[PDB]
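Here you get one chain, nothing else, as structure tokens; it is the form deposited in one PDB entry.
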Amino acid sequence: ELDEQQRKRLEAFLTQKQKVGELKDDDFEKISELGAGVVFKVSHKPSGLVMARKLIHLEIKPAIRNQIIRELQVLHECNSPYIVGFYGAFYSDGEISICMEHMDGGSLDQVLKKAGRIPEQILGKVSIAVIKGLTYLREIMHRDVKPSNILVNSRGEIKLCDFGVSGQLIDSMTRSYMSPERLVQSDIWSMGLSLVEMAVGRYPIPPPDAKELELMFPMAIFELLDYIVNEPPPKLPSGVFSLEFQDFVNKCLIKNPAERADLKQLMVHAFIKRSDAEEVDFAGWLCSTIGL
């Protein structure tokens, strides 16, 4: 479902997008550098709009990059309040561009790094969008839900950015959020692994013993991937998070993908019903958290 706010914004996005024409390299002025995704906050000179320009260095033939572009045209169709807006994609001087909606809060990975750890009420709302994002995508499949893959903003929006719509792009160019069975329900797992990472403020594999957990409130890359498979999943610490929340992530982080909760089930899980109901000023927290 969409509100008459979420609908109005999508009309305001499209109309401001219909004004923007065919994207060319020369029509962009660099404002600043956002970070490695390398993404620039740009200004589309003729339209006067502000965008996020991802630039991928790729040594490939014409017939290759022309495919990549054709596959990214599919992102014009895919419009949702839980998916980051798309303006276009092209190739120029030895690099493919992807011109997209500028989310002035940056990634949850960034917000975590400055927040410390994210509050439950807040992670309530993050969970709701990430589900509706995945539920929109379903109603093509997704590629890996990280906190670096979730963008947020001062309006109070929470959107999935960078799912995989182009195969050859993935080809031509971490694995620590993958579900064991990948070594559809993998998406839910990652949301479970992520929410925990943000709730406690640290990557939860391996788990912190009572030494850190008491105070709060390294493994080599391939050594980890084993532990993920052969040992039990991470869980929120008890006593500091509500049990409704503890159950949610538990039902997400089940190793056996069948016994793991699906999208339809999570969407009506007590945690969601509680949060959706809650009246939380997300845009306050964020803006005050990261100083805007």
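When you see a residue number, it is the position in the sequence shown, counting from 1. Definition used throughout: the rigid core is the maximal C-alpha set that superposes within 1.5 Å between two forms.
In this entry, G37 and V38 are separated by 1 to 3 residues of the deposited sequence that lack coordinates.
Per the record, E139 and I140 are separated by 1 to 3 deposited residues that are missing from the model. The PDB entry reports B-factors from which the mean C-alpha value can be compared for 203 to 211 and 92 to 100; the larger average falls on 92 to 100. Per the PDB record, of the two stretches 78 to 86 and 164 to 172, 164 to 172 carries the greater mean B-factor over its C-alpha atoms.
Going by the entry's values, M219 shows the largest Cα B-factor out of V130, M219, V111, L183. Among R65, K264, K255, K30, the highest C-alpha B-factor recorded in the PDB entry belongs to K30.
When the CA B factors of the chain's modelled residues are split into thirds, the value for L225 lands in the middle one. Among the modelled residues of its chain, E59 has a C-alpha B-factor that falls in the highest third, as given in the PDB entry.
Sorting the modelled residues of the chain by their CA temperature factor places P237 in the middle third.
In the PDB entry, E197 places in the lowest third of its chain by CA B-factor. Ranked by C-alpha B-factor against the other modelled residues of its chain, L49 falls in the highest third.
What follows is about the form deposited in another entry, which we do not show.
Put the two forms on the same core and the Cα of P62 is off by 2 Å or more between this form and the one not shown.
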